[PDB]
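The block underneath contains the structure these notes are about, expressed in structure tokens.
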Amino acid sequence: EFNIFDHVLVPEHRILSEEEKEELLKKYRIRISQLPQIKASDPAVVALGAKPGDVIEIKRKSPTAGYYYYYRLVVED
Amino acid sequence: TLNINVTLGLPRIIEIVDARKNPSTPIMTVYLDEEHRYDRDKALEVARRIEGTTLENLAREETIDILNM
Amino acid sequence: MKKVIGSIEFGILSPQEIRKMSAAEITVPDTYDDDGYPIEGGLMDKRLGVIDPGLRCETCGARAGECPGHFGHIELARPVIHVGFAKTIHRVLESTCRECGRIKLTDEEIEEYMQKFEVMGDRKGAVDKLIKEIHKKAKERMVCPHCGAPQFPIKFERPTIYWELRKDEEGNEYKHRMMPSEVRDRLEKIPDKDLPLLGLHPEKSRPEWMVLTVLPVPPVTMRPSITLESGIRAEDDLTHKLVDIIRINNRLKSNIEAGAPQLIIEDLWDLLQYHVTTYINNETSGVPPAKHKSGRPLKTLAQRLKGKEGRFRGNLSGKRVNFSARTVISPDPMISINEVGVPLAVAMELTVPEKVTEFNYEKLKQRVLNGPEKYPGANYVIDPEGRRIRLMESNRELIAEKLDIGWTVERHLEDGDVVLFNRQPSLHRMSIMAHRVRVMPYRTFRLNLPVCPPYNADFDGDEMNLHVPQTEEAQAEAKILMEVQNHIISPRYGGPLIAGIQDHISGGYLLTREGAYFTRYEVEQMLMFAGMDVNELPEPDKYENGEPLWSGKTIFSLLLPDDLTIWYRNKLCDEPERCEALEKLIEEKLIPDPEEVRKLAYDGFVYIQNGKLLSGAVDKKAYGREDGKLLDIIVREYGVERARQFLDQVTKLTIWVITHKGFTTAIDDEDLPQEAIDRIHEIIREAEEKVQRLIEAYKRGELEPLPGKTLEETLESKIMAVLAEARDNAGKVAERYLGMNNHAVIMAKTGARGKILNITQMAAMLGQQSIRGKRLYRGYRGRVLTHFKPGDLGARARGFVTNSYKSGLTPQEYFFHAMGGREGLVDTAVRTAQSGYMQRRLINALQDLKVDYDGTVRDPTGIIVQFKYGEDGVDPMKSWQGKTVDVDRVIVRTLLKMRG
Amino acid sequence: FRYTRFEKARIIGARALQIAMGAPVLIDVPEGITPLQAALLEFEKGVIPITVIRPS
DNA sequence: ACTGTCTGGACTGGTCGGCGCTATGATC
DNA sequence: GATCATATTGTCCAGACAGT
Ligand SMILES: [Mg+2]
Ligand SMILES: [Zn+2]
Ligand SMILES: [Zn+2]
């Protein structure tokens, strides 16, 4: 089958662990509601098998910095 | 500048920033695998598979007949 | 001390709050009597404030101009529905029990929504969706779970009419009109616990408060009354609307007290409801707007807040300011780019308040002694007590001998003062910059020519605005952040914006071209004119007839820093084989001998070695806007002050060079030999023959249709392609015979002004005139003009101008060119409004975003938009061609510096 | 540690405001200059007493 | 669940100056 | 001939909504 992550427009998506999520929240001094949101019906979310309440680490292909890290919180539809 | 059939310019950026559900004159860029990207015949048959053909464009003229109802 | 506003809490005013905050009760519709005095109990009662200068407020005791005004209240005979809350009233009525009064939801559902509300509270969209879902769930329920009472559907009719579809005894369905009193009684039974489920606050916005019982009349300061030149008072629209409301309410109260039949009561209630609805909003759909006696549709509270001329956009987000000036601008190359020419009359009117200190007591005392009529002087003096004293001839000495530490002197504008210079429209942040005041006797503003591209300002009648900061903090902010030299590089594309223009580019090309030599007198004069700090002339490059001569490259090299090395290809490079040898010589050694470089020097390849222009000529690629590599390198590697000095010197040098050498254009610059004209005519005839052959092939059916298009569009595309190819061939033929000695060709090629196509149109031909990307077709049946035969699809009949500007256009070609020009003008005048609207939308969408101290970009709520701005934390203004760091340039510069 | 343009502008504005209503200059300045010029000279001499509080 | 229909809204900034317009019918 | 109440109630894009 055609994986959703093989597209050039789709960056790598990885589910953060609990300790990784806590460290990310501590680093930026933000709550879980101050992160960008991603819908639970997103193709990347259903491909990763994530559930609402998790934080997805996105490895963007930066035109300026080469590789850039973005974080999105899974929320219900 | 205002105003195939791609209509770029200020209307295009306006449609992009306004998050239009259906952009004017949508265009789909389709690529082919190794079995079809080298020869024109495979590309032509892939295109004719993608392209939607209905009866009204195939017909030359329309005439309603009453004898056969 | 002093306090600031931390937060604003909104809500609906209760009738008790309106009664308590009211200073008087208004019952008399009349405002002024015959004598002009205000009427007690009227809308212009002195208890609500004072407008007339001789009047005194009964609530404040103050005079006009300082009394803030006081609110009133009107006791309505019957309750009325607020038009701004009608949809909310209908939603709450549909979502609540008619007799029980509770929300039509189960206890478990209520608890579930209560817990869900706390999770989604930051995003108002989630709260709106939850409210909509709760309303949809409660709307379909026809039996209240709390009491089991049956419910009926409620129909909402615009603007404030509610219908209940009750059932008769026989089962017939009839619409029952719900009066505002019944609606308010239904809304009063809703408990405070169900209010958060309905989107209302128990203490801030009760549902029953949406039905108005007391109407707060605004203070007279909110609706000022004026007198005309004929003595007739001109009341505000709100005053007339309140007059109508008071009259209708009084009539309704009198009819109620008289025991009038119910039919009259409903009619008066509907009239009062209409008047209140028009008072709240006169542009309500389904309502005839309230009209003045003359037929003017009155504007009300809703119209005073919204729109371009509303309170927000017209008075809050933007407003007129003091200490501002505006006049026509004129060029001035003699002043620096950091300076602005201020008229003496403007300078003597605008004042800057300077406090008297120990180090400026004498200067301010002299300013006070000079007076307002002697420059440099002062107009006003402020004592430490805080009062303002106007300076005149009688008291200028008394104030001057009374001056001490702590006084404020409003002296006239002097040289070196910091002011804001702005041109409208302000599309970008470079439209307002801080300049230095230069006082001039004439009546026009003076702006340096390199600063024009940031303002997009020419001198065909342009006017510009000047603003003088009054506080020390504002002056410091303008001096540090908004100075002209600090914004040479445009943050939009990371390139030069404050750069040289047409005459500077042409003068630089004339000075730095091959074979350009100047005498000792000319070199000394241009050095003095440019302000360069040169005390002795360099060694002469060559001697002619016993007189020393200096090459223009040698004079230009005095501007560059001694440790600057750069090489690139400019716009004048037409022979790459000559640049290839220079590039190979530079690459092979990396420190080429200056004698070796000059042997194979080319004007198309500019090479600067240790601040010496060994080869090349100056063009738009040197210090032009968006293309000047030398200016961009000077800004990045030597700072903004050095770049400002370089620009100020080079502009004057190029201006002197172009002024005294002689630059001109004449009618013979577009002249062409007979052979070129014959070739152009042959090309035009061949194109016409090809078009005719294509038309004949299309008529005979031999034309092959293009994929995705029919025969007509295929023929049109082929004809347009043929005509474009013919125009390109004619342009090439014209360019062949126009050499580098032509001044117009110099201007076009160097990038100073114009294009090669501009010279082509006057020399060879205009080409094909088209509107909206298609050939001209609007006109008669089958023809644009009557002079052509019907059905003619030829080039000449469809807008192909074979003539040129020099040869002269035919009347048909004149009409076609007029059509094209009209299309262009219409396109510009239409595009400007859409571009402005899109810019306003983007500005309002991204106004709050800023970079924090940790590099993140966050909204005011706290949501992180970007964990690092631009994903690399680099300002686009300081980015090298959109990249983070220009590694190759840094490596080359460091290697050259260490090996040189 | 380097000052940003906004921080430098704020410091210069605060110093000029202080000089306008007292706060004698800590360095010798030429006569007839504005308080803003005095604050700029103080910043150039590196004698400013105003510091910047940054989040931590 | 789609699909055509009804309704609401906003219509680039600034500047220049001019030219009108802001009661009426019926007693006493 | 002077005064007095009263004086009427423009295309296009996006969201919500009956109909099949
Ligand atoms: Mg102009
Ligand atoms: Zn008052
Ligand atoms: Zn109930």
Side-chain angles (χ1 to χ4, degrees), chain C residues 21-26 38 40 42-73 92-107 109-110 137-154 164 185-191 193-195 197-198 207 216-225 326-331 422-427 431 444-447 449 451-465 501-502 753 825 828-829 832:
Chain C
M21 90 189 208
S22 172
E25 200 208 326
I26 313 301
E40 169 101 345
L43 276 159
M44 302 298 294
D45 208 318
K46 322 216 286 274
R47 269 168 302 170
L48 314 174
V50 276
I51 285 326
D52 312 0
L55 278 202
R56 200 161 91 231
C57 171
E58 325 214 305
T59 325
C60 301
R63 290 332 163 77
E66 69 156 326
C67 170
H70 310 281
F71 264 91
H73 83 281
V92 170
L93 281 185
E94 281 197 301
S95 325
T96 39
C97 187
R98 36 200 318 276
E99 41 201 293
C100 150
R102 300 268 335 256
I103 191 165
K104 299 195 247 130
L105 279 183
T106 36
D107 304 35
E109 253 154 1
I110 281 162
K137 183 156 305 163
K139 174 166 135 129
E140 316 140 350
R141 308 233 162 125
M142 270 328 142
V143 168
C144 176
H146 294 85
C147 55
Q151 315 279 322
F152 312 111
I154 291 160
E164 186 167 53
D185 294 21
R186 291 249 283 245
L187 290 167
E188 263 178 75
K189 280 165 129 16
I190 310 161
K193 46 179 179 185
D194 297 340
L195 291 197
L197 261 2
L198 303 153
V217 15
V220 303
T221 59
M222 223 192 85
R223 37 193 189 77
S225 64
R326 162 175 190 109
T327 191
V328 195
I329 54 160
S330 90
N422 162 58
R423 197 205 152 236
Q424 270 133 354
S426 322
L427 308 175
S431 276
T444 185
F445 281 155
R446 271 82 143 187
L447 167 81
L449 303 135
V451 202
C452 287
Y455 293 122
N456 199 37
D458 37 11
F459 300 108
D460 51 356
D462 289 45
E463 284 169 284
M464 258 171 90
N465 296 9
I501 38 178
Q502 56 240 27
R753 196 80 194 277
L825 290 155
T828 56
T832 165

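Side chains are part of it too, since the values below use all heavy atoms of this structure and drop only hydrogens, waters and symmetry mates. First listed ligand is number 1; within each ligand, the first listed atom is number 1. Proteins get letters first, then strands, A, B, ... in listed order; numbering begins at 1 in each.
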| request: Can you sort out the partners of C/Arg186 under salt bridge (charged side-chain N to carboxylate O under 4.0 Å, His left out), two or more places apart, ordered by chain and number? | output: C/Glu164
| said: Please give the atom name: the N, O or S atom of C/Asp458 nearest to the Mg ion (ligand 1). | reply: OD1
| C/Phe71 and C/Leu48, any side-chain heavy atoms less than 4.5 Å apart | no
| task | Would you give the angle at the Zn ion (ligand 2) between C/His70 atom NE2 and C/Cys60 atom SG, to the nearest 10°? | result | 60°
| query | When rounded to the nearest 0.5 angstrom, what distance separates SG in C/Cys97 from CG in C/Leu105? | reply | 12.0 Å
| task | Starting from the Mg ion (ligand 1), look over the N/O/S atoms of C/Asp460 and name the nearest one. | result | OD1
| query | Closer than 2.8 Å to the Zn ion (ligand 3), how many protein N/O/S atoms do you count? | reply | 4
| query | Just wondering, do C/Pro38 and C/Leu55 contact through their side chains at under 4.5 Å, heavy atoms? | reply | yes
| Hey, is the main chain of C/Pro68 close enough, under 3.5 Å, to the side chain of C/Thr221 for a donor-acceptor pair? | yes
| query | What distance separates C/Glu58 CD from C/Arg47 CZ, expressed to the nearest 0.5 Å? | reply | 6.5 Å
| note | Of all the N, O or S atoms in C/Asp462, the one nearest to the Mg ion (ligand 1) is OD1
| remark: Interatomic distance, NZ@C/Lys139 vs CD1@C/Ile154, rounded to 0.5 Å, equals 9.5 Å
| NZ/NE/NH1/NH2 to OD/OE distance under 4.0 Å, C/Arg141 and C/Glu109 | yes
| field | Metal-centred angle, SG of C/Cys57 through the Zn ion (ligand 2) to SG of C/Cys67, rounded to 10 degrees | value | 110°
